[PDB]
Every structure is written in structure tokens, then in C-alpha cells.
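This report refers to the structure that appears directly beneath it.
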Amino acid sequence: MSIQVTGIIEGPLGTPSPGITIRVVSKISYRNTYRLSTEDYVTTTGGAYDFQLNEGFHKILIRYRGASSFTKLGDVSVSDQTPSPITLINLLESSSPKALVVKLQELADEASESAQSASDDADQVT
Amino acid sequence: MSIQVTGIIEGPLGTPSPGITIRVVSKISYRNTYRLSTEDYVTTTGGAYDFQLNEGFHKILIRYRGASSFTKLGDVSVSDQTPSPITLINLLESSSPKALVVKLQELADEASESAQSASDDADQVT
Amino acid sequence: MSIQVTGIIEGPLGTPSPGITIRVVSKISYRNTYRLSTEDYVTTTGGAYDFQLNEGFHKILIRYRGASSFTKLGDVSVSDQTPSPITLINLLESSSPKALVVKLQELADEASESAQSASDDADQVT
Amino acid sequence: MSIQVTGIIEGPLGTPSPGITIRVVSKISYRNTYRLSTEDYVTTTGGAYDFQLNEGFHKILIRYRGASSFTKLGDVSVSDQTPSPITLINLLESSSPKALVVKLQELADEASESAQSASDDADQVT
Amino acid sequence: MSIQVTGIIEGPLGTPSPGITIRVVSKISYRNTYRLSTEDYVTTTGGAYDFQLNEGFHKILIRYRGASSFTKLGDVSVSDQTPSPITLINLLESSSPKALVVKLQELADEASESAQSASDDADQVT
Amino acid sequence: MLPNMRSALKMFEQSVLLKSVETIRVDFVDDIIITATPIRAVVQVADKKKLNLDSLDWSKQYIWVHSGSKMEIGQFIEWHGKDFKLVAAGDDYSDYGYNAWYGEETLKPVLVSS
Amino acid sequence: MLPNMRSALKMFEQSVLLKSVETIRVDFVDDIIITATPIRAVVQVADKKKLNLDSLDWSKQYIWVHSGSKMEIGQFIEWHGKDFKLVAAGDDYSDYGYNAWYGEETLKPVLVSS
Amino acid sequence: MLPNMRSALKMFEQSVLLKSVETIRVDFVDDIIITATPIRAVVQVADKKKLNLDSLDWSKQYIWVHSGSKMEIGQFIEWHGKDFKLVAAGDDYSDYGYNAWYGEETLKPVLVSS
């Protein structure tokens, strides 16, 4: 399902920030979402961001209290199964092309090692 | 014989938007239609669209209510023997290169399922 | 399963000549680099093509009988996820990217099925 | 004879367009027609174009409802015998230098194969 | 049939000198590339020329008797469609284009007659 | 509102033919159909036409046209007696309503129809 | 107070797409994700687009954009039908409120998403 | 209405002879008839006439004439004592009512009739 992200944006000094303007824009023609489709969200009091993010490939931009340009934090990619209750940081670290590929490599090596261990154990029992 | 498209244009945050206009311009002249034969269709309430499209080849562009220009949504090569009750997303995707990253995510997904199968099998044998 | 691409030669492919011929050269990585295997297909009346296709890297060429040379329709990578009843003009749009190396990591599924085979071979001894 | 063309101009959305200004201009000194000889035709209601065009070598331009420049569809060539009741699309696809030459090549190969088959059958009967 | 070009040497060809001489070199594609065959013709009084001409590629040169060299009148490709009673200045205007290869494809007619010759040869046996 | 030099181009106009070549080839034999249109323009000299030195001296007149109609490189422009290839120092203020190009007289005779 | 040409840039604006490439590689195989944004700008021609000579003639249109948004070199700008690499003669009056760049049409087709 | 600098050329006029050569040859032996006409013009210096260095120093005066009459390259112009070959930096505002050329003094004596 379309996952929901929820966290509390915190400045480096333990003070939340209420007036954050987050922009999510997709850039893949994906089910029920279009290329270069933009959308905004403003965090409520306490500096807490919560929204259901439709899935696909979405780059995320920050604007703090007052900012000329928009800071680019990264580009998440959300699929059908992906942890529902998640902060945005663990979304971006765990979903980005470099991180996605490197996670895939990690997983493939893990699976290969598991397979070899299982095969060796089967040989030992046989 | 002509194909029809019905769907809902969900915003990237799972929020619909009743202001987008979708334009298609003929790629190359084909029966009953000519090169550069533009046409635009406004979206309806609830972010839904339901419109008839002729067979042929067409650049498809869209523009959002707050947008200024059109965004290059893609190009589609529609003909007969394509399903008539088809949404716009699936038509684009069926007649466009699959996005790199969605393929990468699907790969990571099947990889994760395989790895979990291997690990649980190792647990079971042990 | 192996795919079956069919349709009516239209649009940029040319007029529906009742004698048009196509040619697919498949790059099957045989031992060291690969082997190229050619196959020429012809068309029935009305410019109709209908032919099955194996999976892998295929380069499609088009030309008319009695013409002077081919025309580069282009490359394509038929994978285990492309639609079966598809037209040729549509498939030409899904050209081969360089995701093949990420695709190689689909061996995780093979590793898992090998692990499960080892498990369900080992266990029966009791 | 001087052939006549009937068709219904259709925008990609099933909505005909009445106010199309089609510009046919000739660039060959051909019987009863001169080089660079221009003329216009405006489509009637229902988006249906019909006109008798004198034969020769005529390039055709379109202007939609409002357009700065003229869009070039191509250049038909009509001879003494050429199908009388024809749409303009099948006129341009079947009559243009590239298409004309390639049709000639197609025809030459067809006739050559027919001749070879006839000769071989005559040999078989003799 | 073979043509007969005649007229009065005049205009850019020069004054009607009653000794003027012309020279045609024919490029008859003999075995590997071709053979050039020369022939020099002179003129009666008043600068009058009158001479038959075979078909094919002919390069025409002009000069006066006792002059120092020729003058390049130019090439020409006399085909089975050029008018018979024509002047030389007029024919020089119908120079050889590179349509010759397309003219090769006239062999289809030959093909057909061969086919017919086969047909009306086979049937008599009864 | 993008400025539009178009109205500032009409006074200086001149009739001129704009052609383009769409080469056709079979078995690698060159034929060239032509596309000619009567287009508006304005002409000034572009590089003061000099006499270069070689085995034989040669000279090609330079003109640089403006027009409200788009002009691709692979097109010729005939205004008096010899077409000019639209080769150099061209610039497209298409969004500003016109475009310009230098021109090279193709010493070949003018492409009427071929 | 630093002068700010920004307000003197709005009138001449035009919509345009600004993309950047962040190449990704594994085992030395090239893939390229894209980042595209709709940005404000203004376009003029930069070097009057000529026809160079080589084994085959080639030509790349030059545009030189201004915008209030920052534009790094390794970025492309598409305005009509072909993106331009932001390569040359660029200058950043960022503290003065805008920046400019020349542009090189990458004769490759436009990077939609890859 | 094309602007016409013609009236802006009369005041500065000067009498001058405009000749052209139409070479004639038999058995590859050079003879040259001449065609000379008294034409209107105006003369300024074109390249400040310097002294080049070689085995022997040489110098050719440069003049650049305007006239309402057409002036092809292969023509000479004599104004004082030595004809000038109309070689360089010439430009034809013929549609604007005049044309101009640089000039090269042919250190040969002036072609009277040959």
C-alpha cells in the first residue's frame, strides 16, 4: 500500500521547526502519478511531518523558514512493500539509486553465502 | 475501434487534483489524423479523466493547474489489438521504456524474497 | 514463456507492403563473448507480421523484398517480463538498457531455489 | 483522370476539426499546371475534406485553427491512373519519392519472382 | 526506334558556319565498365546538321574545322522516350540524370514478356 | 511578453525563394528532390565578398537574411541569380519572432526542380 | 546593498527545463539517473550557430540563458526540442541575483528519465 | 521600400574609368581585349598602403570605391594613374542602390586597349 511517513524535524539545537515547506515531486510515469508532478506539505506545530506518500520515484526538496532556493535532500523510491511506519531519513537512506543498488549487491552476496552454507551442510549430512 | 482511457490522476502524495490538462500531438500522420494535429483535454473533478483516443502515434504532454508550460510526459504508439478499457498510465508504460529505477526496485524485491527463503531454509535445516 | 510479437506494419516502419521482410539477429552469449544468430521473417498480405521470439538481446532490421538494403529498426532486450501479445512497433520502444548487470543479480532467486532443493533433498533421510 | 480525394480530418480525440486550411502547391511544369502554383482549400463542417486535385507533383501543407507557419505533411505525386476514391493519407503514403521508389523496387522483385516461378513451371511441364 | 536529330546550328552553339563539325562519343557499357565509340559529323551549308543517333549515353562536342580544339556541348541520355525529329540544342537540354538505376528496373517489362513467352510456349502441348 | 522584432522586419522585406534538399539514394546513387517556397526576407551583405587565392581564384558572395519564417542550415536561399547555402553565423530569435543566417553562393546553378 | 538584476530579468522570462545527471556505475557500466526541474529563464543565441567542416558536417545550436536559479556546468537545459549542455562563457552573479551560461545542444536525444 | 543610399553617394562622386578583361585564347596563347567605360564613383583608401618585405620590397595602393553601377570582381578601376583590381572586401547593396569594393593596384601599366 501507499506508505505513510512520520517524524519530527529537528534542528541541530534540540528545537523543532514548525514552518518547513517540503516539496515532493515525482519523475516517473507510474501508476496514478505523473512525471514532474509536484506537491507541497507544511509541517504542523512541534515540527512533525506526517503524510501518505504515493509510491514510485520521488525527489524531495526542503525549504526552511525563509529560503530563496530549495535544498535537495535526495530522491526516494517507494515500492509496493516498504516499511509503513517510517521516518523520512530512513526512507532516503534505504531508497535511492546508489543506496538501492548497493543494498541489492549486499543482499545478493548474503543470499549467495547462505546458499553455499546450506549446500555444504547438505553435503555434510550426505 | 478507437481506444478509450479512464483513470484517476493521483498526486504524488496520494491527493488527487482536478486541474490538469492533457495534450496529445500526432507523432506521424496516420489514418484520419495528420502530423502535429494537437488536441487538449481538461481533467474532471476528483482528478479523474475519461476520454476517447484514436489509434496512431502521439506525443503526450500534460500541464498542471499551477503549471506554466507542458511537461514531456512521453510518446505512445497506440493501435488496434490493445485493450479498450485501459488507463492512461498503463498505455504510457506499455509503450515507453521501463524506468531504470522501478526495474531496480523490483529486482531488489525479488532478491529480498529469495534471500529470505534461503535464510529460513538454512534455519529449518539447522 | 517465449513471446509472440505480431501486428500490422504501420507508421515509421513504413507502408503495409504485402512482401516486407524483417530480420532478427540474436546475440546469444555463447562461450567467450557471444554468437550472432540470424533469422529472416516475411509478412503476409496487408503488411501483417506474426512471429514468436525467444528471450535475450535481439537486433531487428527491416527492408522490402527487392530493396537495396535493410533499415535499422534497432535493438531490444526481451526479458521474462515483457508482454506476450505485443506489436513490433511497441516492442522497439523497449530497447536494451545497461541494467543487464543488475539483472545478473537475479541469480539470487536461483541461489534460493538451489538452497531449497538442497534442503528438501537432505531432510528425507530421517 | 484528375482524381478526387475524400476524407474526414480527425484530431486524435475523436473530435473533427472544421477550420483546416490545406495548401497544395505544385513544383513541376506538368500538363495544365505550373511550377510553384499554389491553392487553398478549407474543410467544411464535420471536418471532411473533398477536392479534385489536378495530377502532377504536389506538396501539401496544413494550417490548423490558428498557426503561425505551415506544417508540411509531404509531397504526393498523382499520375493518369491512380485510385480515384482515396483519402489523402493513402495518397501520401502511396505517392512520395521515397515511397514511390520503394514501391517500384517491391514491384520489380514481385514480378521477377513471378517470372521465375512461371519459367520453372514451364520447364516442369516441358 | 533510333532517333534523328537535325536543325540549324545557332545561338550558344555558334554562328551557322558551313563547315562546322560535331563529335559524339558513345559510352556503350561493353563488358566490365564500358567502351567509348567516337563519331564525327560535319554540316552542310547554312550551318545545317542532320544525323541519326543511336540510344544510350552520348557526349556531344562541337568545333569548327581548322579550329584549335572542341567545345563541350555536353552529355545526353537518348532513351526510348525522347522525340525523334528534334534539334540538337533542344536535346542538349535533356542531359543524363542519375535515374539510370531506376531505369534498370524497366527489366520488369522484359521479365513479363519472358513470362508470357513461357506461357504461350507451354500451353500448346495439350 | 517576449519582444518581437517581427514588425521591425516588414519594411525592409524582399521576395526570395527558400529551398531545401531532401536527398534520396538507392544503391548509393545520388538524386535530389527539391522543396521551394516563396518566403519573406531581408538581405544585407554578410562578409564583404573577396577574391581568394588558389590554383584558380574563386569568390562566393555572402548575404545574411532575416525572416519571420524558420530557416534550417540545410537550406538554400535564392534572391537574384544564385542560391546561397544558409551555412554560417546564423541565429534563431524564433521566440523573439525572427531568425537570421549568413549565406554562401553555391557556384552550382540554381536548383530549380532536378 | 548589492545590486540585484533579478527584477530586470522577469519580463524576458520563459519556461524551460533544467536537468542534471548524476552518473551511477557498477563494475564500470554506465547508467544515468536524471533530475529535471521546471525553472525560469531567458534565452538568447550565444554563438551564431554555424556549420563546421569535418568528415561529416555538424552543427550545434548555442543559447545562453539567464536565471535567478543557480546553474552548474554539468547540467542541461531544454527549451524547445533539444537540451543544451551548460558548458561555456557562463558567469555567476549569484550575489547579484542571477547567473548566465552559454549552451551546447547535445545532438543526443533529450534525457527524459533513462 | 528598400532604402537607397544612391542620393547619399552623388556629392562625393569622382570620374573614374571602369574596365573589364575578357580574355581570348587560341592554341593557348593569351590575348586580352578590354572594355572601358566612364563610370561614377567615390574613392577612399582601403588598407593604409604599407611596404611589405620580400627579396625586393613592394607596395600596392588600396582604394575602395562606391558606385551606383555594378562592379564585378574581374574588373579594374583607374582613377589617377594606375588601375586597381577590384579584389577584396567588396559588397553589393545592389538592391539598396550601390556597391563597394576594395582595390589592388596592378603594378602592370594601365590596360588602355591592348
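Residues are named by chain letter and number: chains run A, B, ... in the order of the C-alpha cells, numbers start at 1 in each chain, and ligands are numbered from 1 in the order shown.
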message: Could you list, as a ChimeraX atom specification, every residue within 6 Å of region 11-15 of chain D, counting only C-alpha atoms and ignoring same-chain residues fewer than 2 positions away?
response: /B:33,37,52-54
Considering only C-alpha atoms, tabulate each residue of chain D that lies at most 9 Å from chain F along with its nearest interatomic pair and the corresponding distance in Å to one decimal; arrange the rows by chain and ascending residue number and present them as JSON lines.
```
{"residue": "D:27", "atom": "CA", "partner": "F:113", "partner_atom": "CA", "distance": 7.2}
{"residue": "D:28", "atom": "CA", "partner": "F:113", "partner_atom": "CA", "distance": 7.1}
{"residue": "D:35", "atom": "CA", "partner": "F:113", "partner_atom": "CA", "distance": 8.9}
{"residue": "D:36", "atom": "CA", "partner": "F:37", "partner_atom": "CA", "distance": 7.5}
{"residue": "D:59", "atom": "CA", "partner": "F:35", "partner_atom": "CA", "distance": 8.4}
{"residue": "D:68", "atom": "CA", "partner": "F:69", "partner_atom": "CA", "distance": 8.8}
{"residue": "D:69", "atom": "CA", "partner": "F:69", "partner_atom": "CA", "distance": 7.1}
{"residue": "D:97", "atom": "CA", "partner": "F:24", "partner_atom": "CA", "distance": 7.9}
{"residue": "D:98", "atom": "CA", "partner": "F:24", "partner_atom": "CA", "distance": 7.0}
{"residue": "D:101", "atom": "CA", "partner": "F:26", "partner_atom": "CA", "distance": 8.4}
```
Mind writing the picked residues with N, CA and C atoms as a short mmCIF file (atom, residue, chain, number, x, y, z; two decimals), in the first residue's frame?
```cif
data_model
loop_
_atom_site.label_atom_id
_atom_site.label_comp_id
_atom_site.auth_asym_id
_atom_site.auth_seq_id
_atom_site.Cartn_x
_atom_site.Cartn_y
_atom_site.Cartn_z
N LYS D 27 5.19 22.00 -58.03
CA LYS D 27 6.53 22.45 -58.39
C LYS D 27 7.08 21.72 -59.59
N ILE D 28 6.22 21.28 -60.50
CA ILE D 28 6.64 20.69 -61.76
C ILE D 28 5.84 21.30 -62.88
N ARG D 35 4.88 25.38 -62.24
CA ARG D 35 5.78 25.34 -61.10
C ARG D 35 5.35 26.37 -60.06
N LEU D 36 5.46 25.99 -58.79
CA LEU D 36 5.15 26.88 -57.68
C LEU D 36 3.74 27.43 -57.76
N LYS D 59 3.08 19.23 -53.36
CA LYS D 59 3.34 19.12 -51.94
C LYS D 59 2.22 19.79 -51.16
N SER D 68 1.08 30.04 -36.83
CA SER D 68 1.99 30.97 -37.47
C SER D 68 2.44 30.44 -38.83
N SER D 69 3.16 29.33 -38.82
CA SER D 69 3.71 28.77 -40.04
C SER D 69 2.82 27.65 -40.56
N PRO D 97 8.43 10.43 -53.23
CA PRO D 97 9.66 9.91 -53.84
C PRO D 97 10.23 8.69 -53.14
N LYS D 98 10.45 8.75 -51.83
CA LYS D 98 10.94 7.57 -51.13
C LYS D 98 9.98 6.40 -51.30
N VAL D 101 9.82 5.13 -55.05
CA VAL D 101 10.94 4.27 -55.42
C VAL D 101 10.82 2.92 -54.74
#
```
Practice task
Pick out the residues sitting within 9 Å of residue 74 (chain B), and hand them over as a list in words; count only C-alpha atoms, and ignore anything fewer than 3 positions along from it in its own chain.
Solution key: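 Final neighbour list, sorted by chain and number: residues 29 of chain A; 58, 59, 60, 61, 71, 92 and 96 of chain B; 112 of chain G.
As for CA of residue 28 (chain G) and CA of residue 111 (chain G), they are spaced 20.8 Å apart.
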Chain A residues near chain B (9 Å cut-off, only C-alpha atoms) as a PyMOL selection string: chain A and resi 2+24-26+28-40+51-58+77-79+81+95-97+100-101+103-105+107-108+110-112+114-115+117-118+121-122
Check every residue of chain G for an atom within 8 Å of chain F, counting only C-alpha atoms, and provide those that qualify as a PDB file with C-alpha atoms, in the first residue's frame.
```pdb
ATOM      1  CA  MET G  11       9.930  40.371 -18.146  1.00  0.00           C
ATOM      2  CA  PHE G  12      12.081  38.381 -20.532  1.00  0.00           C
ATOM      3  CA  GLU G  13      11.376  35.047 -18.893  1.00  0.00           C
ATOM      4  CA  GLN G  44      19.251  34.465 -26.466  1.00  0.00           C
ATOM      5  CA  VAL G  45      21.531  32.961 -29.066  1.00  0.00           C
ATOM      6  CA  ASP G  47      27.388  31.848 -30.825  1.00  0.00           C
ATOM      7  CA  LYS G  48      25.632  32.307 -34.137  1.00  0.00           C
ATOM      8  CA  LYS G  49      25.189  28.650 -34.990  1.00  0.00           C
ATOM      9  CA  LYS G  50      27.458  27.815 -37.911  1.00  0.00           C
ATOM     10  CA  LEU G  51      28.256  24.681 -39.914  1.00  0.00           C
TER      11      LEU G  51
END
```
note - CA of residue 22 (chain C) and CA of residue 80 (chain B) are separated by 21.1 Å
